[PDB]
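Numbered from 1 within each chain, the chains take letters A, B, ... in sequence-line order.
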Amino acid sequence: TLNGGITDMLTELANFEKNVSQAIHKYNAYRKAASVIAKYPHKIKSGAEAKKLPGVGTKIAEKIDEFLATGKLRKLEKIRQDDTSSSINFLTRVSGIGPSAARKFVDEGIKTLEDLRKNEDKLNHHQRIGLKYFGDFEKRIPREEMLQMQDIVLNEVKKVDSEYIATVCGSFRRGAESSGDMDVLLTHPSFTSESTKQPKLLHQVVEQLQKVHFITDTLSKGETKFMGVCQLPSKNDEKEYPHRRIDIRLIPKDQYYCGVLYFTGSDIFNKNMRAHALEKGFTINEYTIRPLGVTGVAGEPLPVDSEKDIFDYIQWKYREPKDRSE
DNA sequence: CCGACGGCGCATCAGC
DNA sequence: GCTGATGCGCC
DNA sequence: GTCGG
Ligand SMILES: [Mn+2]
Ligand SMILES: [Mn+2]
Ligand SMILES: [Mn+2]
Ligand SMILES: [Mn+2]
Ligand code: NA
């Protein structure tokens with residue numbers, strides 16, 4: 001909150017570039033600068049001081065100077081007043097509507113929540129569910145509720161097969177007091193990098209969570225990644241809990257450390273870490289860390305038996321999950 | 001100046 | 001049906 | 001939009 005006005009401004013600029021401009025590198029650049037400013041431990045007094053930080057350049061420094069002088073940014077004040085930009089930015093808040101679909105919808109005169117609700121026939125399945133729960137998905141999840149959700153998922157998973165291990169990742173594993181959604185890493189010794197010794201491993205778990213009415217909707221589903229909706233049960237006469245997003249990712253059991261590093265995030269931390277790996281001659285994905293050859297082609301997977309091993313390869317001191325909230 | 005910017009799963013579509 | 005391009009999503 | 005080469 002120390003430089004919250006500036007990081008809010010940069011986040012709004014990032015969203016504009018992603019949703020309206022469709023300028024994905026500008027989006028990433030703005031989020032990177034907002035993240036580096038968010039952890040900077042001083043109240044920023046000038047654009048020059050901010051430009052010292054890596055990721056903040058000349059253009060952001062000038063916007064920081066304007067924002068500290070006036071409390072606002074004329075560029076954003078004008079974007080806020082533009083009906084098409086404002087409409088597009090709103091529509092992209094529905095899950096499954098991206099910058100392309102939002103511009104298409106605005107083109108056909110579908111521009112509000114009410115318009116969406118009467119044009120449900122114009123939405124794909126993902127978008128219809130995103131619209132159905134629009135308000136619920138805007139709410140954060142208190143850690144106490146994440147603990148209740150963890151208990152259900154971990155206990156239901158054990159009832160399918162005691163050899164499953166489910167791990168809640170995301171901001172929850174980084175120790176946050178609130179989470180945007182619930183991200184669950186799933187393993188089972190039958191599914192490794194060397195063989196899938198049993199089918200339906202993810203299906204069986206999804207079906208079980210549907211059976212006890214935890215999972216209520218599905219946005220997308222494949223053999224390794226489920227994206228859906230869930231909901232805590234409420235006690236007698238209690239108001240219902242909000243519907244929540246849930247992501248489940250089944251990772252080969254022998255590649256758990258790369259998988260949990262990936263799924264713990266944060267997303268900017270991952271981008272920073274994988275970019276630094278490239279600079280050190282490695283490429284990291286959710287499965288493996290591999291060397292890069294003279295030709296820049298990826299080599300064979302390096303041995304890994306801890307999250308820390310991955311940090312070593314790229315010459316980073318180990319950072320606990322709680323210090324990866326970039 | 002210029003090229004690179006993290007890496008990948010699932011849904012939808014056009015072309016064959 | 002398949003493949004590759006694209007869109008949207010995940011951290 | 002920013003950065004290293
Ligand atoms: Mn999450
Ligand atoms: Mn998620
Ligand atoms: Mn609801
Ligand atoms: Mn670079
Ligand atoms: Na969206």
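Here B:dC16 counts as south. Its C1'-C2'-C3'-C4' torsion is negative. When the pucker is read from the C1'-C2'-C3'-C4' torsion, the sugar belonging to C:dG1 turns out north, on the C3'-endo side.
A:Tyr262 contributes no side-chain N or O that forms a donor-acceptor pair with the base of B:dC8 under 3.5 Å.
Using a 4.0 Å cut-off, some side-chain N or O of A:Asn285 falls inside it from OP1 or OP2 of B:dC8. Applying the 4.0 Å criterion to OP1 and OP2 of B:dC5, one finds that A:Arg274 has every side-chain N and O outside that range. Phosphate contact (OP1/OP2 of B:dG6, side-chain N/O of A:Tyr287, threshold under 4.0 Å): absent. Residue A:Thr283 places at least one side-chain N or O closer than 4.0 Å to OP1 or OP2 of B:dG7. The side chain of A:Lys225 contributes no N or O atom lying less than 4.0 Å from OP1 or OP2 of B:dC10. Distances shown here put every side-chain N or O of A:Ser220 at or beyond 4.0 Å from the OP1 or OP2 atom of C:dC8.
Among the protein residues, A:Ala23 comes within range of no part of the nucleic acid, since none of its heavy atoms lies under 4.0 Å from any strand. Using a 4.0 Å heavy-atom cutoff across all strands shown, A:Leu185 reaches no nucleic acid atom at all. Using a 4.0 Å heavy-atom cutoff across all strands shown, A:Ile24 reaches no nucleic acid atom at all. Within the 4.0 angstrom heavy-atom criterion, no nucleotide atom of any strand lies near A:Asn272. Heavy atoms of A:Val94 sit under 4.0 angstrom from primed sugar atoms or phosphate atoms, though from no base atom. Contacts of A:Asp247 with the nucleic acid, taken as non-hydrogen atoms under 4.0 Å apart, involve only primed sugar atoms and P, OP1 or OP2. Backbone-only engagement by A:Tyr30 is indicated by non-hydrogen atom pairs under 4.0 Å involving sugar-phosphate atoms exclusively. Among the heavy atoms of the strands, none lies under 4.0 Å from A:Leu219. A:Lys271 comes within contact range of at least one nucleobase, with a heavy-atom separation under 4.0 Å. Within 4.0 Å of A:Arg174, counting heavy atoms only, lie sugar-phosphate atoms of the nucleic acid but no base atom. Heavy atoms of A:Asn19 sit nowhere under 4.0 angstrom from any nucleic acid atom.
Atom-to-atom, CG of A:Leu292 to P of B:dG7 comes out at 8 Å; the value is rounded to the nearest Å. Residue A:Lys32 contributes atom NZ, which lies 11 Å from atom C1' of B:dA4 at whole-angstrom precision. The distance between atom NE2 of A:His126 and atom P of B:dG9, rounded to the nearest whole Å, is 18 Å. The CZ-P distance, from A:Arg31 to D:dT2, rounds to 16 Å in whole Å. To the nearest angstrom, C1' of C:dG7 lies 15 Å from CZ of A:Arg103. Atom pair A:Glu279:CD and D:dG4:P shows a separation of 8 Å (rounding to whole Å applied). B:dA4 atom P lies 21 Å from atom NZ of A:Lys280, rounded to whole Å. Atom CG in A:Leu261 sits about 12 Å away from atom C1' in B:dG6, given to the nearest Å.
Checked for salt-bridge contact, A:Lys32 and A:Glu326 miss the test: no charged N lies under 4.0 Å from a carboxylate O. In summary, A:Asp312 and A:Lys308 engage in a salt bridge, as defined by a charged side-chain N under 4.0 Å from a carboxylate O. For the pair A:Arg80 and A:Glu12, the salt-bridge criterion is met [side-chain N within less than 4.0 Å of a carboxylate O].
Distance noted for atom P between D:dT2 and B:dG7: 22 Å (whole Å).
A:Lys132 and A:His243 share no donor-acceptor pair across their side chains, judged by distance under 3.5 Å alone.
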Worked check of side chain to side chain donor-acceptor pair (under 3.5 Å) between A:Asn15 and A:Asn19: CA-CA 6 Å; A:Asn15 288 334; A:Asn19 300 328; 4.7 Å; no
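The six-membered or imidazole ring of A:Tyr256 lies away from that of A:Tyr287, with a centre-to-centre distance of 6.0 Å or more.
With A:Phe137 as the aromatic partner, A:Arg244 does not meet the cation-pi criteria of under 6.0 angstrom to the ring centre and within 45 degrees of the ring axis.
Comparing B:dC10, B:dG6, C:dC10 by their nearest atom to the side chain of A:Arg245 picks out C:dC10.
Placement of A:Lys26, defined by side-chain heavy atoms under 5.0 Å from groove-facing base N or O atoms, is in the major groove.
A:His25 qualifies as a stacking partner of the B:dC5 base, centre to centre under 5.5 Å and near-parallel within 30°.
If you find the closest nucleotide of DNA chain B to A:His125 and to A:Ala275, the one lying nearer the 5' end belongs to A:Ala275.
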